[PDB]
Enquirer: 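Attaching a single structure in structure tokens format; questions to follow.
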Amino acid sequence: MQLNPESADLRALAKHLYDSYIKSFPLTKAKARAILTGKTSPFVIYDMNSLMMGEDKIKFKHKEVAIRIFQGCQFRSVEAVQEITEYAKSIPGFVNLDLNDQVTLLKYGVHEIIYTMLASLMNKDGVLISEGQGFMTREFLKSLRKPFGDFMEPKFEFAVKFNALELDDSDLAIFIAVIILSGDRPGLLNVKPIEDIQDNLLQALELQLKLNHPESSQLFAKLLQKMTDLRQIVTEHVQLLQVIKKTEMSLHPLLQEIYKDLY
Ligand SMILES: Cc1oc(-c2ccccc2)nc1CCOc1cccc(Cc2nn(-c3ccccc3)nc2CC(=O)O)c1
């Protein structure tokens with residue numbers, strides 16, 4: 001690499017995305033990791049008893065336990081779509097795209113971003129819930145009645161391998177922008193303007209990674225592969241949502257909208 005006006009713009013892009021990311025997402029990976037390691041204290045949900053006690057202790061913003069959990073994830077999920085929408089709008093050039101492509105991008109992109117960021121809140125033992133007020137265990141989740149015990153496990157599997165990459169918020173800010181700016185979403189009007197934004201974002205990501213991670217040369221290439229993996233996770237998940245919606249089925253109507261064309 002070289003220091004030129006082009007690289008300097010790539011760094012300013014990265015700073016700008018990082019600053020928006022801090023504005024849009026109140027629970028950052030930095031914050032989540034400090035909660036997780038204990039240097040900063042969440043109520044842990046590890047069994048049916050602690051689940052009930054935690055519902056008492058945790059002031060939630062938003063009837064059988066697996067359904068209650070499903071609803072919590074649905075409301076968390078719609079809150080995430082608002083945050084991700086606010087962030088997308090800060091991606092330079094995004095608001096100048098046709099409003100229809102903006103929504104198409106967000107529609108096909110939000111779950112990939114959701115699972116990416118979910119990894120930030122996970123370790124091998126569990127996941128942060130309710131802005132870090134609670135911690136729900138991987139095995140408590142695996143123990144929920146068929147078929148709810150299989151929803152979260154692939155997210156945990158993805159997350160332990162993803163978290164071993166040791167990305168930080170600065171890396172993630174650009175990673176997430178690349179994902180939002182995918183010119184290959186169905187029903188896109190003007191693909192070329194999107195592809196131009198992404199190639200630039202991609203340059204900014206590759207520079208950021210080289211600078212921020214001297215211990216690995218393979219990181220950019222592994223990240224590209226992670227984006228493909230995320231599409232599988234969303235795919236696997238919507239199907240699991242199909243072969244379950246045949247037994248209950250309150251699905252949030254905003255989520256219903258997003259899922260229908262994902263189906
Ligand atoms: C594991 C968990 O639980 C809670 C929580 C509980 C009570 C109150 C408040 C929060 N927060 C988290 C942490 C964020 O997880 C999320 C966040 C976004 C999307 C999903 C996928 C999903 N996963 N499920 C699901 C259903 C039942 C069991 C396990 C998972 N539903 C969905 C919804 C969707 O598919 O759209 C999970």
Side-chain angles (χ1 to χ4, degrees), residues 11 13-44 58 72-73 76-77 79-91 109-130 132-138 141 152 154-181 201-202 204-216 218-220 222-227 229-230 233-234:
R11 299 309 291 147
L13 216 209
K15 184 57 184 154
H16 162 81
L17 290 170
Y18 172 75
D19 295 337
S20 307
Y21 173 109
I22 296 305
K23 269 175 179 208
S24 304
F25 302 111
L27 217 202
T28 58
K29 178 170 184 174
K31 278 151 187 160
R33 299 336 273 188
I35 299 173
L36 261 4
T37 57
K39 330 222 275 288
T40 26
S41 181
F43 189 89
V44 8
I58 299 158
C73 294
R76 169 63 195 127
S77 171
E79 187 191 40
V81 300
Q82 262 194 65
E83 294 164 334
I84 293 160
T85 299
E86 188 194 343
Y87 179 69
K89 286 186 179 151
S90 75
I91 301 169
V110 281
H111 285 95
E112 291 166 38
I113 303 308
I114 288 164
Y115 299 139
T116 297
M117 299 188 75
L118 223 206
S120 300
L121 302 204
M122 288 173 162
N123 63 15
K124 70 153 196 294
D125 288 334
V127 60
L128 260 9
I129 72 165
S130 324
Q133 295 172 70
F135 185 76
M136 196 176 282
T137 81
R138 192 175 176 173
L141 262 340
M152 224 74 295
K155 281 69 160 179
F156 281 108
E157 278 164 348
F158 166 82
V160 325
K161 285 182 301 108
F162 192 73
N163 289 344
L165 271 28
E166 309 177 309
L167 268 31
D168 63 20
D169 290 302
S170 284
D171 306 319
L172 265 5
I174 318 174
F175 183 67
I176 280 149
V178 173
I179 289 165
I180 293 170
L181 278 114
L201 259 7
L202 253 3
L205 209 226
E206 167 156 54
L207 180 58
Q208 163 73 17
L209 261 20
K210 284 175 149 177
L211 300 176
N212 189 215
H213 298 278
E215 327 273 12
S216 181
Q218 288 175 10
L219 235 197
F220 181 67
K222 281 179 195 172
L223 249 23
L224 294 189
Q225 166 214 74
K226 301 304 189 188
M227 298 177 200
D229 291 355
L230 287 151
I233 288 144
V234 175

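Atom set for the values below is all heavy atoms of this structure, side chains included, hydrogens, waters and symmetry mates excluded. We count residues from 1, following the sequence as given.
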Enquirer: Under a 4.5 Å cut-off applied to non-hydrogen side-chain atoms, are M117 and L172 in contact?
Expert: no
Enquirer: Once you round to the nearest 0.5 Å, how far does CG of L181 lie from CD1 of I176?
Expert: 12.5 Å
Enquirer: Could you tell me if the side chain of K31 sits less than 4.5 Å from the side chain of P26, heavy atoms only?
Expert: no
Enquirer: Salt-bridged, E83 to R76, with N to O below 4.0 Å?
Expert: yes
Enquirer: Listing request: all salt bridge (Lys or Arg N to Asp or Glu O under 4.0 Å) pairs with a residue in residues 14-27, at least two apart in sequence or in separate chains.
Expert: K15-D19
Enquirer: Taking all heavy atoms of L17 and all of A173, pick out the closest pair and write down the distance.
Expert: O-CB, 3.7 Å
Enquirer: Report the residues that fulfil side-chain contact (heavy atoms from CB on, under 4.5 Å) with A30, sequence neighbours left out, ordered by chain and then residue number.
Expert: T28, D169
Enquirer: Which value, rounded to the nearest 0.5 Å, describes the distance between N123 atom CG and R138 atom CZ?
Expert: 9.5 Å
Enquirer: Measure the CD1-CD1 distance between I91 and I180 for me, rounded to the nearest 0.5 Å.
Expert: 4.0 Å
Enquirer: Are any side-chain N or O atoms of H16 and backbone N or O atoms of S90, one a donor and one an acceptor, separated by less than 3.5 Å?
Expert: yes
Enquirer: Restricting to non-hydrogen atoms, name the atom on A80 and the atom on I114 that form the minimum distance, rounded to 0.1 Å.
Expert: CB-CG1, 3.8 Å
Enquirer: Do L13 and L201 touch side chain to side chain, with heavy atoms closer than 4.5 Å?
Expert: yes
Enquirer: Can you list, pair by pair, the side-chain donor-acceptor contacts under 3.5 Å of residues 154-161, counting residues two or more places apart and other chains?
Expert:
from : atom 1 : to   : atom 2 : distance (Å)
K155 : NZ     : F151 : O      : 2.9
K155 : NZ     : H237 : ND1    : 2.8

Enquirer: Supply the atom-to-atom distance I179 CD1 to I174 CD1, rounded to the nearest 0.5 angstrom.
Expert: 12.5 Å
Enquirer: Below 4.5 Å, heavy atoms only, C-beta onward: do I113 and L230 meet side chain to side chain?
Expert: no
Enquirer: Between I129 and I58, is the side chain to side chain contact (heavy atoms under 4.5 Å, CB included) condition met? List the steps.
Expert: CA-CA 10 Å; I129 72 165; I58 299 158; 4.2 Å; yes
Enquirer: Could you tell me whether the side chain of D168 reaches within less than 4.5 Å of the side chain of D171, counting heavy atoms only?
Expert: yes
Enquirer: Looking at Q225, I want to see if its CD is surrounded by more than 12 non-hydrogen atoms of other residues, nucleotides or ligands under 6.0 Å.
Expert: yes
Enquirer: Mind checking whether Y115 and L118 have side chains closer than 4.5 Å, heavy atoms only?
Expert: yes
Enquirer: In sequence, state the C-alpha distance, the side-chain angles, and the governing distance for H111 and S77, and then conclude on side chain to side chain contact (heavy atoms under 4.5 Å, CB included).
Expert: CA-CA 9 Å; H111 285 95; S77 171; 4.1 Å; yes
Enquirer: Please assess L167 against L219 for the test side chain to side chain contact (heavy atoms under 4.5 Å, CB included), listing each intermediate value before the final yes or no.
Expert: CA-CA 9 Å; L167 268 31; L219 235 197; 4.1 Å; yes
Enquirer: Look at the rings of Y87 and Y21 and say which category their plane angle falls in: under 30° parallel, 30 to 60° tilted, over 60° perpendicular.
Expert: perpendicular
Enquirer: For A119 and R33, which heavy atoms make the closest approach, and how far apart are they?
Expert: O-NH1, 3.6 Å
Enquirer: Provide the closest heavy-atom pair for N163 versus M122 in the form atom of the first, atom of the second, distance.
Expert: ND2-O, 3.2 Å
Enquirer: Does some side-chain heavy atom of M227 sit less than 4.5 Å from a side-chain heavy atom of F175?
Expert: yes
Enquirer: Would you give the length of the straight line joining atom CG of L121 to atom CG of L36, rounded to the nearest 0.5 angstrom?
Expert: 8.0 Å
Enquirer: To the nearest 0.5 Å, what is the distance between CG (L128) and CE (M136)?
Expert: 11.5 Å
Enquirer: What is the minimum heavy-atom distance between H213 and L165, and which atoms define it?
Expert: CE1-O, 4.4 Å
